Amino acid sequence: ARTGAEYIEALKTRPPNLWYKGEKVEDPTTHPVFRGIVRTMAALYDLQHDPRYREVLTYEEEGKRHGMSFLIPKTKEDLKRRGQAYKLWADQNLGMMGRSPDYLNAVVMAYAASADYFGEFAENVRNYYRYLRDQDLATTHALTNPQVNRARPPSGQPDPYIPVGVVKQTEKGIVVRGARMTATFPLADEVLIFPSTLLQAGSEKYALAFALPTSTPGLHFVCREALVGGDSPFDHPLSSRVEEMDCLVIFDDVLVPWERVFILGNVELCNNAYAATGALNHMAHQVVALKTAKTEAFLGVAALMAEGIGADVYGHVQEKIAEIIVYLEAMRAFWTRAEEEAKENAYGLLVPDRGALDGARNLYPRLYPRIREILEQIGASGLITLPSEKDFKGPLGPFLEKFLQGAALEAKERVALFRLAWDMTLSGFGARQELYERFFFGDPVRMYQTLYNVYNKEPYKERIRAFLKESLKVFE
């Protein structure tokens, strides 16, 4: 289990090939755009060594201590243990950090437990899992092709190598060229270039699954506009510390060593990877715990805002808060059923129930925009009446303490709260979270079509056919 200091030293020593506004980022641990999230990830690692949480966040094995997200669960109790670790980490950042490493560790853990799925590359998968686990490395990932001409398949873009494709194979490995559209949280040691969780691979040239150090020659991470509002925790309570960053991933004829290849030119293996290995189930397990944490945060802020300005006395405000409570209970329910109905897959890996998790990941993208809307409807103008800590410290401070106090809340506390509510919804950082919730697991349109096609609808159709027997009997 890594400490925060080790993580920081690792990034400083071998930083990811990040680019920000046309320039290479030499040290993300001190760069204004990245130092915040780096400190945040470091704090998550440090929590693993806090006596109060060590038993929750890590497990011992043969004289070593590993992060819980690497635990191959054998019982429902083990599954619950993984869930508690997901939740504890999520709560540290109010569920605002969407790509903490444990999500991807869940994927690799499942891939390893179900390694036989990968055939000749099985050992590579098992060895990679042990590597990430033993070193407790941080990972980032990118599964989608560049958004260029969505009317055509991967092989029908303006160039054969817009998507990441194999240029050639050598005795050392494969050379790939192309790009992945999005990778969140590039402040990692490794990047996972895996198949989509729902879209078809299309052609063998693109049917790939491999991992690389983020400093690999030819590999580039091009950052989007930064959303860090500033460093003041009062003025920017969340963007000052949880801005994970999103980036386009470029592969300029990058060499991928054979030991890092997990799938090569096999469309079928790519198209069934997450479902067959159980990675889909486990990664979605981290997600349901994460969204439960996020919903709890919104509930707390909504309640405090309403009480803070005396709006809680109005029925419709109470109803809006109750709506968030209903959604919170829904997510807790999916989480519980996912663990309680868990069963072993074809490789003997215990996986949480897909029905419950498909329910959660397809319902939350609909619930989140409404939860966000609720905060807007409760806060109203209070959400944009955001003086700075500098204003409270300035000449008009006394006036602000009078005009911005709450029903029974001091002005500084009131503004601190609304600054947080704003950062969770209306700042560039907050608004991005909305788009993130709507799309991170895939396009809802195709996620729903996917659910329709994979779900076993026969039992329900049969019950209706049986009910209709009496209807057709009138013709006998």
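Throughout, we count residues from 1 along the sequence that is shown.
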Going by the B-factors listed in the PDB entry, is the mean over the C-alpha atoms higher for 225-233 or for 293-301? 225-233
Which of the two stretches, 364-372 or 94-102, shows the higher mean Cα temperature factor in the record? 94-102
Candidate residues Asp443, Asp423, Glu437, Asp27, the one whose C-alpha B factor the record puts highest: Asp27
Which of these has the highest Cα B-factor in the record: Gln147, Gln377, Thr170, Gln84? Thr170
Can you tell me which third, lowest, middle or highest, the CA B-factor of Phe399 falls into for its chain? highest
Relative C-alpha B-factor of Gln48, binned into the chain's lowest, middle or highest third: highest
What third of its chain's C-alpha B-factors does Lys393 belong to: lowest, middle or highest? highest
Relative to the other modelled residues in the chain, which third contains the C-alpha temperature factor of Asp159: lowest, middle or highest? highest
Against its chain's modelled residues, does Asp353's Cα B factor rank lowest, middle or highest third? lowest
